[PDB]
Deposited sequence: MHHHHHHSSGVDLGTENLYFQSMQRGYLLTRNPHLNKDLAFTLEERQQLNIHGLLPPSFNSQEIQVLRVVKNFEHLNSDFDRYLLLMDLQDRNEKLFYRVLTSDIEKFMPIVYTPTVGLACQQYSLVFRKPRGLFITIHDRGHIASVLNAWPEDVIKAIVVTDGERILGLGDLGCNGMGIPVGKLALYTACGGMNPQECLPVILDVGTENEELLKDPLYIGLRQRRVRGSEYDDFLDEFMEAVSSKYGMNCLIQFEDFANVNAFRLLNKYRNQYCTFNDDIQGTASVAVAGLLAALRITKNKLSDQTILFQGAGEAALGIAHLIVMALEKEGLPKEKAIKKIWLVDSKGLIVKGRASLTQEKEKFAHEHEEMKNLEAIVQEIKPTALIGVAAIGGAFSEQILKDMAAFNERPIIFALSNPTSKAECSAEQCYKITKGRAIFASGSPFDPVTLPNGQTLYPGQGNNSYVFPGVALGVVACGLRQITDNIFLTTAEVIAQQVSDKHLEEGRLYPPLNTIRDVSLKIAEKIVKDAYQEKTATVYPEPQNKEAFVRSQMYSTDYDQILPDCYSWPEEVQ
């Protein structure tokens, strides 16, 4: 009775049927109205609206998650509207404020002071089958930097989207924060700070801590357990990724996810441009996490179409803070023989690229002159401003389409409003959202028991996403499927991963399903109340 009411996996609030209330001894704990799930959603949505800030909407929906999970996920899937609330950008403001606003803890807090005993910290977690973990140490949260143990908002929001877009069982998800200290002065000063009041442990101590984590997780949950890293600083992010990705089932969404969407965007763009990936010359604003990831994956796509690596790598140039990368580590692989230059406007003139991709978080970088030039060299220039949030974007959709006379093929990381041209035709610039990628990958991988997540599954994931963009959508300027469809996109992504895994004997879940589409559906969470 009343206990059921307090269990968020099984509580229905007013959706408890009049019979159920009588059979479960709760008739009287609730008011007389019965409410279908649809009337329930209407209520939540009305609230959602009447509230003054998105921050308050985040708080509303999180409280709802803590009380009626089915309804939480029902509200979200009813996504374009709510994903920005439950995750990025609003979840950044939540992390900033996590110590002020801390209420009902979700997830696991694992500290360096638990070194040697991590395995026992996991035993505090009430749920015994975990198939998906998201972890952070809170050091690099979006553009807000080091928020330490406040970083917990990030894994919690991310898994919400695993469940909502992908259908991961939320009871099999484990958000985790690793607290090794923080360099955040304000937090260390704050009497309300919930983390360890000390600076970040660095070096060998840190590395062994992480090693014990992966070992503990794989050991309690099995080596099939998916471990996604998120919002670590640049150097740790590559170090840990490359150290672990052939031993554990694991990826870093910030470099690998981002690589998959962007490429999907490119593949999609080739249908408008009607030429091959090998006919492109690609210039990156930025040479960090994302930039290198995307490039690596573009190279793979080039190999797949038939080019060797040497000829393929020559098609891509990068630009860092200190300027263009040329002959004089991972950067070194794209260091072609060329006179050094610094000015972006001049760089695009000498290189004259077919596609221009901004992943350096410097807003405005794609100036009128650069768009002017891109529109001059190319009948239809590809221009990706993928940096977040809107304020740090390399240029607006309006500026992009205005200056290129509507000829630019454009996508961004953060969403822009549809643009109407003088033409009268309205363009709908697509959003390079990592959530086209991670939910479907996680679902596929976990569904067939893949033990390692290779770059190939990110490539084929990009291919599936592009295959889902309709010619109608391309004509509307969309390089990605409408965000309303991600549930189906995710399912398509996961179907492909599973089909290939059985065909390649990489799967580990046996016996093999006779129907892979149904097999994937069988592993997807329903918004419906269990009877």
Unmodelled stretches of the deposited sequence, numbered from 1? 1 to 25, 104, 355 to 359, 563 to 575
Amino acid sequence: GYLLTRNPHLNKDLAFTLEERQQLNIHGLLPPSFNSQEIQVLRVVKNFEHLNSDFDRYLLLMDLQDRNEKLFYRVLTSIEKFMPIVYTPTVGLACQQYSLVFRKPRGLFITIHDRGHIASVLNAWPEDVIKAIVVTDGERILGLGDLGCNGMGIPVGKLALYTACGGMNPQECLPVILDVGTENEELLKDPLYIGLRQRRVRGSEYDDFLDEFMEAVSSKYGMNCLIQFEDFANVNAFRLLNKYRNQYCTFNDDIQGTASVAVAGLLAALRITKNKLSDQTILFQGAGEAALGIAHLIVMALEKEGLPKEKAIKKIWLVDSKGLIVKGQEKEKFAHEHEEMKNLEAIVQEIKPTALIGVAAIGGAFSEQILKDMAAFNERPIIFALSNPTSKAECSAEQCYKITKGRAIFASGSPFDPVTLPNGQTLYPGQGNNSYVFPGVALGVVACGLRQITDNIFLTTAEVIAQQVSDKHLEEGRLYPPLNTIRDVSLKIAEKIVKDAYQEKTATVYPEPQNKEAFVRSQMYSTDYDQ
From here on, numbers count along this sequence of modelled residues.
If you take the mean CA temperature factor per stretch, which one wins between 344 to 352 and 138 to 146? 344 to 352
Averaging the C-alpha temperature factors as deposited, the higher value of 118 to 126 versus 331 to 339 falls on 331 to 339
Using only the C-alpha B-factors in the record, can you name which of 265, 439, 389, 157 has the highest? 389
Going by the CA temperature factor in the entry, name the top one among 214, 176, 359, 226. 359
Can you tell me which third, lowest, middle or highest, the CA B-factor of residue 66 falls into for its chain? middle
Among all modelled residues of this chain, ranked by Cα B factor, put residue 193 in the bottom, middle or top third, i.e. lowest, middle or highest. lowest
When the modelled residues of the chain are sorted by Cα temperature factor, does residue 475 land in the lowest, middle or highest third? highest
Taking the entry's C-alpha B-factors for this chain, is residue 529 in the lowest, middle or highest third? middle
Quick check on the deposited entry: does the C-alpha B-factor of residue 504 sit in the lowest, middle or highest third of its chain? highest
